[PDB]
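Before any questions on binding or motion, here is one chain by itself as structure tokens, the form deposited in one PDB entry.
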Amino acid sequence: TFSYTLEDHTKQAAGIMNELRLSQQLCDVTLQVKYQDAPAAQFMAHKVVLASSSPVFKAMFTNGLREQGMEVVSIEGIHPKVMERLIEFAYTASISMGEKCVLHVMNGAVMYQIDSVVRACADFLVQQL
């Protein structure tokens, strides 16, 4: 037989997937975020990428129905900048925030069950003590 594994591949393809999102190519979902009195914001993304990092997004998108293109999802109770940072983590595996936003990012991460950054935001808040 013969087996080969490029360890760095998933990182590279994740980068191209993030490029297609920024170029708004091949996107099938638009997240319309309306939070309190802050201005509304739209984020286009790929359902399969969001589903691969968030079980909440996975159940939200796996409905057993054949979609016919762009689906609009209204998202409530989370600031647009926090949703953007979560979307960035799903595509790039990195997330950044000011120390006074770590609490809000954790709230959004708990809400969408992104365990990796829930644990990271929990760890940072504990050693602030």
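Numbers for residues come from their place in the sequence shown, where the first is 1.
Separately, the form solved in complex with a small molecule exists; it is not shown, and the next lines address it.
### Message
in the deposited bound form, does residue 101 come within 4.5 Å of the small molecule, counting heavy atoms only?
### Response
Residue 101: contacts the small molecule in the deposited bound form.
### Task
Report yes if any heavy atom of residue 81 sits within 4.5 Å of a heavy atom of the small molecule in the deposited bound form; otherwise report no.
Yes, residue 81 sits close enough to the small molecule in the deposited bound form that at least one of its heavy atoms falls within 4.5 Å.
### Partner proximity in the deposited bound form: residue 85 to the small molecule, non-hydrogen atom cutoff 4.5 Å
Looking in the deposited bound form, residue contacts with the small molecule include residue 85, since a heavy atom lies within 4.5 Å.
### Message
For the interface check, one of 41 to 49, 24 to 32, 65 to 73, 93 to 101 should have non-hydrogen atoms within 4.5 Å of the small molecule in the deposited bound form; which one?
### Response
Going by heavy atoms within 4.5 Å, the stretch is 93 to 101.
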